[PDB]
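**Q** Quick one: structure below, then a few questions.
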2 protein chains.
Amino acid sequence: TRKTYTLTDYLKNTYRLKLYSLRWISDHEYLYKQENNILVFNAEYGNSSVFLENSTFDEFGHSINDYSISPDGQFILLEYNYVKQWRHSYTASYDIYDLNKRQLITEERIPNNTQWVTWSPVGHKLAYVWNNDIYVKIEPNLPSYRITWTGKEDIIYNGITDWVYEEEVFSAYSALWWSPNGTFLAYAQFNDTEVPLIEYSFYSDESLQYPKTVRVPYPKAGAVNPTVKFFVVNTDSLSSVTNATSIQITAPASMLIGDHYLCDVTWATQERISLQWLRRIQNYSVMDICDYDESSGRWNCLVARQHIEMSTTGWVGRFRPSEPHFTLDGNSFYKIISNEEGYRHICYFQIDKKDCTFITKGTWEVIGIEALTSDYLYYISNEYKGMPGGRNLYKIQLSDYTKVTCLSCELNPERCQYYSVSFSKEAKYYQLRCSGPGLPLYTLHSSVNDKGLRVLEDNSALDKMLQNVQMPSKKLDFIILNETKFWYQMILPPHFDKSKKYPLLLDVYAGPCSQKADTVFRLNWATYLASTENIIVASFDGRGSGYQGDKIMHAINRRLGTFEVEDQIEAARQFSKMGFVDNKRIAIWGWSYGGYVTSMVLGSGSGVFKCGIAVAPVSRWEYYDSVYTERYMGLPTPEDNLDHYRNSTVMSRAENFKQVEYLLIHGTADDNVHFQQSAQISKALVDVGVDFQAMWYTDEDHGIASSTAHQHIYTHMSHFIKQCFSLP
Amino acid sequence: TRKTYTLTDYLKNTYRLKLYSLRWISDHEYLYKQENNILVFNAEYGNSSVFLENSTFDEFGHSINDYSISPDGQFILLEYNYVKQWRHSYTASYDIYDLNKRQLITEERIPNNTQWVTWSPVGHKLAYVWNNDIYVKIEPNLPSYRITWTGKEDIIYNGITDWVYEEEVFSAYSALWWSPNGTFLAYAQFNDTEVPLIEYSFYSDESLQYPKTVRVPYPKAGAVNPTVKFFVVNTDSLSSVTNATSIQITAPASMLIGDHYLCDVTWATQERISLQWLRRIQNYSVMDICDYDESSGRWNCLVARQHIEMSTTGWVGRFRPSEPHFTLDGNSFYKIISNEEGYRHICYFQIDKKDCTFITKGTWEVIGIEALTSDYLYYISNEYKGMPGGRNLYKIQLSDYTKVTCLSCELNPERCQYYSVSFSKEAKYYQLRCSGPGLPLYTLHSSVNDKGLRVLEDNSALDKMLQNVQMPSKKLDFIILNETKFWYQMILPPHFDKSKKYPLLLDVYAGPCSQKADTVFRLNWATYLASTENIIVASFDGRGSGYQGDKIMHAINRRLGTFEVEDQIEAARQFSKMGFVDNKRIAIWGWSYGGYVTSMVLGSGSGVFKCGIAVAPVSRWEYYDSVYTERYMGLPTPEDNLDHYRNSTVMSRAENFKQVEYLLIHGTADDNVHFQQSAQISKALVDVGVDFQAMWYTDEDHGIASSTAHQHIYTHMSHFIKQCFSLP
Ligand SMILES: N[C@H]1C[C@@H](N2CCn3c(nnc3C(F)(F)F)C2)CC[C@@H]1c1cc(F)c(F)cc1F
Ligand SMILES: N[C@H]1C[C@@H](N2CCn3c(nnc3C(F)(F)F)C2)CC[C@@H]1c1cc(F)c(F)cc1F
Ligand SMILES: *[C@@H]1O[C@H](CO)[C@@H](O[C@@H]2O[C@H](CO)[C@@H](O)[C@H](O)[C@H]2NC(C)=O)[C@H](O)[C@H]1NC(C)=O
Ligand SMILES: *[C@@H]1O[C@H](CO)[C@@H](O[C@@H]2O[C@H](CO)[C@@H](O)[C@H](O)[C@H]2NC(C)=O)[C@H](O)[C@H]1NC(C)=O
Ligand SMILES: *[C@@H]1O[C@H](CO)[C@@H](O[C@@H]2O[C@H](CO)[C@@H](O)[C@H](O)[C@H]2NC(C)=O)[C@H](O)[C@H]1NC(C)=O
Ligand SMILES: *[C@@H]1O[C@H](CO)[C@@H](O[C@@H]2O[C@H](CO)[C@@H](O)[C@H](O)[C@H]2NC(C)=O)[C@H](O)[C@H]1NC(C)=O
Ligand SMILES: *[C@@H]1O[C@H](CO)[C@@H](O[C@@H]2O[C@H](CO)[C@@H](O)[C@H](O)[C@H]2NC(C)=O)[C@H](O)[C@H]1NC(C)=O
Ligand SMILES: *[C@@H]1O[C@H](CO)[C@@H](O[C@@H]2O[C@H](CO)[C@@H](O)[C@H](O)[C@H]2NC(C)=O)[C@H](O)[C@H]1NC(C)=O
Ligand SMILES: *[C@@H]1O[C@H](CO)[C@@H](O[C@H]2O[C@H](CO)[C@@H](O)[C@H](O)[C@H]2NC(C)=O)[C@H](O)[C@H]1NC(C)=O
Ligand SMILES: *[C@@H]1O[C@H](CO)[C@@H](O[C@H]2O[C@H](CO)[C@@H](O)[C@H](O)[C@H]2NC(C)=O)[C@H](O)[C@H]1NC(C)=O
Ligand SMILES: *[C@H]1O[C@H](CO)[C@@H](O[C@@H]2O[C@H](CO)[C@@H](O)[C@H](O)[C@H]2NC(C)=O)[C@H](O)[C@H]1NC(C)=O
Ligand SMILES: *[C@@H]1O[C@H](CO)[C@@H](O)[C@H](O)[C@H]1NC(C)=O
Ligand SMILES: *[C@@H]1O[C@H](CO)[C@@H](O)[C@H](O)[C@H]1NC(C)=O
Ligand SMILES: *[C@@H]1O[C@H](CO)[C@@H](O)[C@H](O)[C@H]1NC(C)=O
Ligand SMILES: *[C@@H]1O[C@H](CO)[C@@H](O)[C@H](O)[C@H]1NC(C)=O
Ligand SMILES: *[C@@H]1O[C@H](CO)[C@@H](O)[C@H](O)[C@H]1NC(C)=O
Ligand SMILES: *[C@@H]1O[C@H](CO)[C@@H](O)[C@H](O)[C@H]1NC(C)=O
Ligand code: NA
């Protein structure tokens, strides 16, 4: 009898998924690390050489966390002393290695506690942020030129984002953008002077006598937001003037009338930059296209080149307005936007004409634009077989839109339905990354003829190991509600028998534009629960979920905590009707937005669920950040949406928790969903005399990802589920 | 057939003990509140009169928290807007009502947010503290005189104690001491300028968007301590034109050489005051006796009147140096101190004589001196029947110490073995308060011939109710360890059957000088556990426990976390050998110091306990406060006792928790034992891969006493214990 996928297998990662992460360094070569060696591969023939021997930094005296080669291949940036911060930010020490001279640069080194560093797109210029100010080095071993002097900890941020811009606007810590050939350096400055601070304790190692109080500018819903300014400096003039002037580009008058955000920066040409602004009420955005004026050294944005993007049914974009992709001459661009039917498709714009032309259409959506050449635009969409949870690469002829070729659909249809791609510098080659429904498969292709060059990684090793294991299966299907298809997936135990009644765990997220039903292959907790514990783990994408049009995504607009919660309850009822579910053993769990929905469901009084687990849940929208929260909920004021803000809390349903078994878990150093949110849920439950289980994770953040805490939490949750389901 | 004492009975206080709290106002009468009416009683006859009508303040507008009648009966201080702070501190609003003119005073009223107020011992002067400064009022309706001007929140405290002095030195918020007839007002001033602050979050009501950060000057072991100064001001010579002059009394040179504390202030006469000072290394204390010099208007303390008190085996006093009891002329005094055998007895001192004479002796201890007349000194001791957990009132003839008479021993030996007493102004009468083993009994007596005048409250109503309940019994006995007897008690289930095996729960505290085995009657969680769940709840007093001499009490000097922990394991080991104990079902629980011991026991690897519960436990002594910790542990420096500080932590024993079920509980707003202590325990358990149960209580402090949290924690612990014992 073959073994099953156990909890230890998951926690110890015994069955390792192999990947193939390469880095294109040109149009035909990429770097790949093999046995601590950095090899350089020739895409066309597959032959390689050692780019950097694994013994090169044997006596560096530090464990290098990452590396970065300058565009011209002349230098390499070594990143060590990695100190993680929020989702994208972190601190680290850096050194530069001269690849030619084979020597490490010892003079004019990058300061310690450098917040961010990036090479120019061409050559080897460097721009870094230290103590919240920007610095530029023209040459690795020469003195830096300071660009800003206003930097101030927790107050003024030059070239780097503050907490909310990093998490909800740019999904990056960096707030600087080199022009194409590196002449100009554009950047944002955030002023958090009046932004309130979230404060919480951090206990650290046992040796610390007094706990530390972490304080970070974080605007909760309705609070004072950071303000922002945008500047551009000509780095080619740094060595000619004592103090290069940073030219400011002000936001349009339509944004200056109230609170707003800078939400996108994209260079079009060497002398043209585009900027998108968004009003605090996120249903109105404006894009300016600004040109450099060589006579005045100023940047002007003609209103005739300004583009407006608004929404009547919801917010703009899936999570933010989409980025433009400019043609080489910078006179036109492509952008994904929802058409009249509510589906996101590619629209082609002339920079000085307000009406665009849609180049794709249908009841499906474009996920992203991956590359643009003079003749073709490549994009990922879920058009194939009408499966919103599948992803494929397409190519569309710019001179004939009716000519669309799917480059991945038929490669291996049974094994591969979820693709991501990585093109070489000029898109001469591309690596396809299939991530499901079968084992991940990595392949290399030539763009000139769209022919497969070779398989990079097929995971044959893992496929071998998994042969001796009773793996669960995955079903992806839909149910029809009110004339609309809603998708769901089920992780089914081995030897699934439709004549039996299995206990069911509903795995939920359900936030706006989420997708929990897809064709991706995962080896996770649910794998163990179905394989070893014979539990069916299901997920459902109801109203509010994405990639299926605005009618579904915008259904929860200004109404979080309603339809997405109700549809989750209805999904369980539907799974009951299927006949293979033990109606007495239905559970539900979720993390983050999922914890909120789980909590809301457990407190609904539906009687459908026996127990539930919420990990780091939101409990009341006024405790979460402004950018994310207000995007869907508007403002928490009586003139706007305060009533629904007050009606959608977990605390107001405390009394109904008397009907279920609940486990509440939260990391004490959660900078994202503050521990405060669970502190208020537990206090509300205590106040109405409701018993429940709880677990705090000291110094863990929203991810509860430290090695030990990760194993501990999944171990704790397993006992709770097994107990609720009366499982040995 | 009849009902048992349920968990609901404990939580809802179904069965209440009646009390009889009286307030002596003279040597012949006392005040007693009945039906919200304050009556005045004549001790000799028991007849009374209404002192103040309950309706008198029917339209007052505010809910009165407490009242305080001036010594002369002319005025009454009304307390309202009560807002609790730490163990003893709180702020409130006050109003004074004239009893003669039957009118509430409206001019020059005490400010709101007053920190402390007190009538002079005679007459009706008032002294109060507000905004950390002292004020005096000669007449209730007249303007007050500012005494101090240095008051500064969290920095300078005049007339009130800072956190550590409140909790560990004076067990009171007040740091004001009126002379016997009200002429002088002595006070202490604390300076916490360099004391680090403990910081933690307070979440408050759901409506608070951002958690508040509470900051409290709190010195952890080894940290910078507050400094102190002592002053005396003449309140009879206050001027409305000039600022009052306070005369400072400096500490002796033997104290000024290093860190020290003021630990006692006791007036001897109208013009003589005594102060005891304690070195930071708490085994050396000094008493100064100071006389007022009418010539210079200064206070002088003759070295010839200095009295040193030291210990070679441990610290000085039970928790601090005992207070002196001066004779009428103030020329001599009585004080409890450890004799050469290490037993605490009464010593008689001459103010200018170095040697004192012990007036009691034996292998038992005097608990406290209660009253002193020219012929007798009255005290409470545990001498009767050699039972350290029993308390009786005795009087000793000052002219012949061989004449000792027990005044409570034989009143009712079966019902009463634990007394407390309250004497009238000149010891003419005394109230005896028996609290066990039977139901509390309150009686009034006259000193001249020790007559038992009358029964004030015998709890006959409760007795009648408890007749219909299957109440548990209590066994108080002892076991021998190395020729030494150590006492224990067991709460035994109704109809106890020695032929059956009962699960056992060890209720532990075990801190230095603690006593958990006594003759006191209690209705608590243990009552329910034994009565309804049939669990034996035992407690044991091992090394380090009090009232049995220093040999036992000082055995843990500089060694906390050792013998007192080993002894609890030894006791349980012995109980597990008894025929009526199920050795497969033995648990342990404790709160505060008891939580620490429970945790150290559980992590000892003894294998005797199946499960355990720790509530707000200390986990590392360096996290607890200086005054308490250093008293027993010395300083945490390599030259002193750092090594034992480092290996007496719970965290270091994490690995040993693998074989036990552990429940860790802590309030997030605990200002005493910071949540930090439990946060470090959970992290250490997570780090070694040990699963456990936890529960935090949002905004609850060390007492977790709010009505809802109290019910919730005991409800939660009950489920844990029953589950551990496989009880329905
Ligand atoms: N704050 C939210 C940010 C969001 N991003 C989507 C886009 N993105 C991200 N990373 N990278 C990108 C992308 F590159 F796609 F832009 C994450 C993911 C969910 C996050 C979220 C939502 C909650 F309701 C909550 F309670 C806690 C929480 F954490
Ligand atoms: N900090 C300690 C103060 C102590 N006092 C004893 C004498 N006393 C008190 N109040 N009033 C009086 C008396 F009037 F008797 F003097 C309390 C009681 C135990 C307290 C304590 C000890 C710990 F190890 C701990 F971890 C937490 C904790 F809280
Ligand atoms: C991969 O192999 C190619 C050819 O197979 C290498 O190209 C070299 O091209 C130069 C042209 O001046 C010739 O002199 C060499 O003889 C070629 N090499 C070989 C092996 O024929 C290319 O350099 C190789 N790339 C890597 C990364 O190894
Ligand atoms: C960041 O924003 C703050 C406003 O919140 C600016 O501070 C003001 O500066 C003006 C001009 O010096 C002063 O008169 C005000 O007193 C300041 N207000 C506050 C609340 O501090 C600050 O100058 C901005 N910083 C930058 C670099 O733009
Ligand atoms: C480089 O130029 C900038 C901009 O003029 C200087 O920054 C100003 O500095 C003055 C005086 O220190 C302040 O009053 C202004 O508020 C600053 N403006 C800005 C935008 O920061 C900067 O000091 C100059 N650096 C040097 C070395 O001269
Ligand atoms: C990168 O682009 C910039 C901007 O177009 C180039 O700089 C201009 O170069 C022209 C010469 O062709 C000069 O007449 C202008 O004065 C320059 N303008 C600015 C703002 O510098 C730059 O030469 C390009 N860099 C490279 C390496 O080609
Ligand atoms: C309280 O005691 C003080 C001190 O003994 C009394 O004040 C003294 O009274 C005598 C006689 O009237 C004066 O000569 C002294 O100068 C006073 N000394 C001081 C320091 O004031 C006071 O009278 C007593 N109060 C009461 C109410 O009996
Ligand atoms: C009070 O206790 C302290 C500490 O136990 C004693 O001081 C010294 O403590 C160190 C260890 O910390 C020993 O090595 C010394 O032998 C102790 N004695 C001296 C003089 O330093 C101190 O002796 C105690 N005081 C009394 C009166 O017993
Ligand atoms: C208790 O009883 C005594 C005597 O029965 C009361 O009487 C004494 O005080 C009264 C006023 O307080 C006087 O009217 C009596 O003359 C006086 N009698 C004696 C012998 O002194 C006494 O007040 C009563 N006390 C209370 C508190 O009610
Ligand atoms: C309270 O104590 C502090 C010292 O703990 C006194 O100030 C002293 O310490 C300051 C720094 O902590 C020094 O800068 C000062 O020179 C020193 N002396 C003075 C007069 O400040 C402070 O004065 C004390 N306050 C009171 C009212 O006694
Ligand atoms: C302490 O606070 C109370 C409550 O504010 C004061 O009482 C008055 O309350 C009325 C209405 O509640 C207000 O109109 C007044 O402003 C308050 N003050 C006065 C003087 O009327 C009270 O007076 C305060 N006491 C002191 C000594 O400051
Ligand atoms: C590179 O270093 C690794 C150690 O991580 C070693 O095993 C390997 O043999 C080295 N590369 C080659 C080509 O030997
Ligand atoms: C960085 O700081 C470390 C720690 O003091 C020091 O050893 C090193 O010399 C510094 N390096 C640079 C480039 O500043
Ligand atoms: C944006 O949202 C607000 C609030 O719902 C609404 O009043 C306004 O009309 C919207 N603007 C657009 C362009 O739809
Ligand atoms: C005082 O009020 C109480 C209610 O609080 C009432 O029961 C009692 O009768 C009143 N006192 C008198 C003497 O009536
Ligand atoms: C009393 O002392 C304070 C503080 O030193 C001072 O401000 C005040 O004016 C003084 N009053 C008189 C009457 O001297
Ligand atoms: C005596 O008993 C104690 C515990 O009561 C034990 O620690 C000690 O080792 C025994 N022997 C001696 C000599 O103290
Ligand atoms: Na009697």
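**Q** Is it the case that B:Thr245 is without any contact (Cβ under 8 Å) to a residue 24 or more places away in the chain, more than 9 Å from chain A (Cβ to nearest Cβ) and surrounded by fewer than 16 Cβ atoms within 10 Å (Cβ to Cβ)?
**A** Considered against the rule, which asks whether it is without any contact (Cβ under 8 Å) to a residue 24 or more places away in the chain, more than 9 Å from chain A (Cβ to nearest Cβ) and surrounded by fewer than 16 Cβ atoms within 10 Å (Cβ to Cβ), B:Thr245 comes out as yes.
**Q** Continuing with this model, one more query. Given the criterion surrounded by 14 or more Cβ atoms within 10 Å (Cβ to Cβ), within 25 Å of B:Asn13 (Cα to Cα) and outside the structural domain of B:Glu383 (by CATH), identify the matching residue among B:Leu439, B:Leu523.
**A** None of the others qualify; the one that does is B:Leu523.
**Q** Just give me the residues in the stretch A:188-197 being within 22 Å of B:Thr213 (Cβ to Cβ) and more than 7 Å from every other protein chain (Cβ to nearest Cβ), in sequence order.
**A** Within the stretch A:188-197, A:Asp192, A:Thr193, A:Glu194, A:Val195, A:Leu197 meet the criteria.
**Q** Separate question: Does B:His307 satisfy the criteria of being within 24 Å of the chain's Cα centre (by Cα), in the same structural domain as B:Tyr165 (by CATH) and in contact (Cβ under 8 Å) with a residue 12 or more places away in the chain?
**A** Judged against the criteria, B:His307 is not a match.
**Q** So, in the stretch A:66-119, how many residues would count as being without any contact (Cβ under 8 Å) to a residue 40 or more places away in the chain and within 16 Å of ligand 1 (Cβ to nearest atom)?
**A** Residues in the stretch A:66-119 being without any contact (Cβ under 8 Å) to a residue 40 or more places away in the chain and within 16 Å of ligand 1 (Cβ to nearest atom): 1 in total.
**Q** Taking the condition outside any strand (DSSP E or B), farther than 30 Å from A:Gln282 by Cα and of a type in the set (S, T, N, Q), does A:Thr148 pass? Walk me through it before giving the result.
**A** On the way: outside any strand (DSSP E or B): yes; farther than 30 Å from A:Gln282 by Cα: yes; of a type in the set (S, T, N, Q): yes.
It is true that A:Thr148 is outside any strand (DSSP E or B), farther than 30 Å from A:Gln282 by Cα and of a type in the set (S, T, N, Q).
**Q** Go through B:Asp205, B:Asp288 for me and flag whichever is away from ligand 9 (no atom under 16 Å from the Cβ) and out of contact with any helix residue (DSSP H, G or I) (no Cβ under 8 Å at 6 or more places or on another chain).
**A** Just one listed residue meets the conditions, B:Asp205.
**Q** Here's something else I'd like to know. Quick check on the stretch A:38-73: of everything there that is polar (S, T, N, Q) and surrounded by 15 or more Cβ atoms within 10 Å (Cβ to Cβ), which residue is nearest to ligand 11 (Cβ to nearest atom)? Reasoning before the result, please.
**A** Here is the first cut: in the stretch A:38-73, the residues polar (S, T, N, Q) are A:42, A:47-49, A:54-56, A:63, A:65, A:68, A:70.
With the extra rule that they be surrounded by 15 or more Cβ atoms within 10 Å (Cβ to Cβ), the set shrinks to A:48, A:56, A:68, A:70.
Numbers: A:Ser48: 81, A:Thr56: 74, A:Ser68: 64, A:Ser70: 69 Å.
Per the criteria, the residue is A:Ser68.
**Q** To continue, here is another question. Is there a residue being crowded, with 20+ Cβ neighbours inside 10 Å, charged (D, E, K, R) and more than 16 Å from ligand 8 (Cβ to nearest atom) anywhere in the stretch B:308-315?
**A** No, the stretch B:308-315 contains no residue that is crowded, with 20+ Cβ neighbours inside 10 Å, charged (D, E, K, R) and more than 16 Å from ligand 8 (Cβ to nearest atom).
**Q** Would you pick out the residues in the stretch B:609-629 that are of a type outside the set (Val, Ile, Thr) and within 28 Å of B:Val224 (Cα to Cα)?
**A** Of everything in the stretch B:609-629, those that are of a type outside the set (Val, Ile, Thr) and within 28 Å of B:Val224 (Cα to Cα) turn out to be B:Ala616, B:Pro617, B:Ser619, B:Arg620, B:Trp621, B:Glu622, B:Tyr623, B:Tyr624, B:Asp625, B:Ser626, B:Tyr628.
**Q** Something else now. Taking into account only those residues within the stretch B:80-128 that are assigned to a loop (DSSP other than H, G, I, E, B) and aliphatic (A, V, I, L, M), which is farthest from ligand 16 (Cβ to nearest atom)?
**A** B:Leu99
**Q** Here are the criteria: (1) within 14 Å of chain A (Cβ to nearest Cβ); (2) surrounded by 24 or more Cβ atoms within 10 Å (Cβ to Cβ); (3) aliphatic (A, V, I, L, M). Tell me which single one B:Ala614 does not satisfy.
**A** (1)
**Q** Hey, among B:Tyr488, B:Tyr442, B:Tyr502, which residue is within 30 Å of B:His28 (Cα to Cα) and either more than 16 Å from ligand 15 (Cβ to nearest atom) or touching a helix residue (DSSP H, G or I) at 6+ places or on another chain (Cβ under 6 Å) (or both)?
**A** On inspection, the qualifying residue turns out to be B:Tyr442.
**Q** Output the residue which, of all residues in the stretch A:351-381 that are of a type in the set (S, T, N, Q) and out of contact with any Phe, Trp or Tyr (no Cβ under 9 Å at 6 or more places or on another chain), is surrounded by the most Cβ atoms within 10 Å (Cβ to Cβ). Full working, then the answer.
**A** Start the filter on the stretch A:351-381 by keeping residues that are of a type in the set (S, T, N, Q), which leaves A:357, A:360, A:363, A:373-374, A:381.
Next, only the ones that are out of contact with any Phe, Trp or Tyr (no Cβ under 9 Å at 6 or more places or on another chain) stay: A:373-374.
Working: A:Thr373: 16, A:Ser374: 9.
Among those that are of a type in the set (S, T, N, Q) and out of contact with any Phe, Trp or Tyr (no Cβ under 9 Å at 6 or more places or on another chain), it is A:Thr373.
**Q** Across the stretch B:198-218, which residue is nearest to A:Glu622 (Cα to Cα) among those that are of a type in the set (D, E, K, R) and more than 8 Å from chain A (Cβ to nearest Cβ)?
**A** Within the stretch B:198-218, the match that is nearest to A:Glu622 (Cα to Cα) is B:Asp205.
**Q** Right, B:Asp162: surrounded by fewer than 20 Cβ atoms within 10 Å (Cβ to Cβ), among the acidic types (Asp, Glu), away from ligand 8 (no atom under 16 Å from the Cβ) and touching a residue at least 40 places away in the same chain (Cβ under 8 Å) or not?
**A** Considered against the rule, which asks whether it is surrounded by fewer than 20 Cβ atoms within 10 Å (Cβ to Cβ), among the acidic types (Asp, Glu), away from ligand 8 (no atom under 16 Å from the Cβ) and touching a residue at least 40 places away in the same chain (Cβ under 8 Å), B:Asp162 comes out as no.
**Q** Another question, if that's okay. Of the residues in the stretch A:266-285, how many are closer than 18 Å to A:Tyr165 by Cα and surrounded by 20 or more Cβ atoms within 10 Å (Cβ to Cβ)?
**A** Within the stretch A:266-285, residues that are closer than 18 Å to A:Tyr165 by Cα and surrounded by 20 or more Cβ atoms within 10 Å (Cβ to Cβ) number 6.
**Q** Let me ask something else. Return yes or no: is B:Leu642 crowded, with 24+ Cβ neighbours inside 10 Å and outside the structural domain of B:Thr161 (by CATH)?
**A** Here the answer is no, as B:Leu642 does not meet what is asked.
**Q** How many of the residues in the stretch B:27-36 are more than 19 Å from B:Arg433 (Cβ to Cβ) and surrounded by 15 or more Cβ atoms within 10 Å (Cβ to Cβ)?
**A** So the answer is 1.
**Q** Quickly run through the stretch A:708-726 and pick out the residues that are out of contact with any strand residue (DSSP E or B) (no Cβ under 9 Å at 6 or more places or on another chain), more than 8 Å from every other protein chain (Cβ to nearest Cβ) and either farther than 16 Å from A:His666 by Cα or buried (at least 20 other Cβ atoms within 10 Å of the Cβ) (or both).
**A** A:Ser718, A:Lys722
**Q** Which of the strands (runs of 3 or more DSSP E) found entirely inside the stretch B:447-548 contain at least 3 residues meeting this: without any contact (Cβ under 8 Å) to a residue 60 or more places away in the chain?
**A** Result: B:451-457, B:473-481, B:484-492, B:536-540.
**Q** Filter the stretch A:169-204 down to residues that are more than 13 Å from A:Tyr218 (Cα to Cα) and among the β-branched types (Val, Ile, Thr) and give me whichever is farthest from ligand 11 (Cβ to nearest atom).
**A** Step one: of the stretch A:169-204, the residues more than 13 Å from A:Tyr218 (Cα to Cα) are A:169-189, A:201-204.
Next, only the ones that are among the β-branched types (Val, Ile, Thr) stay: A:169, A:183.
Values: A:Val169: 46, A:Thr183: 66 Å.
Top of the filtered list is A:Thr183.
**Q** Within the stretch A:443-472, restricting attention to residues that are crowded, with 21+ Cβ neighbours inside 10 Å and not assigned by CATH to the domain that holds A:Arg2, which residue is farthest from the chain's Cα centre (by Cα)?
**A** My answer is A:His445.
**Q** Right, another one. I'm told A:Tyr157 meets every condition in (1) within 14 Å of chain B (Cβ to nearest Cβ); (2) more than 30 Å from B:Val673 (Cα to Cα); (3) part of a strand (DSSP E or B) except one. Can you identify the failing condition by its number?
**A** (1)
The values are calculated or read from the model by the stated rules, or taken from the named source; these are not laboratory values. Methodologically, a virtual Cβ is constructed for each residue, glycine included, from the backbone with ideal geometry; neighbour enumeration extends over all protein chains shown.
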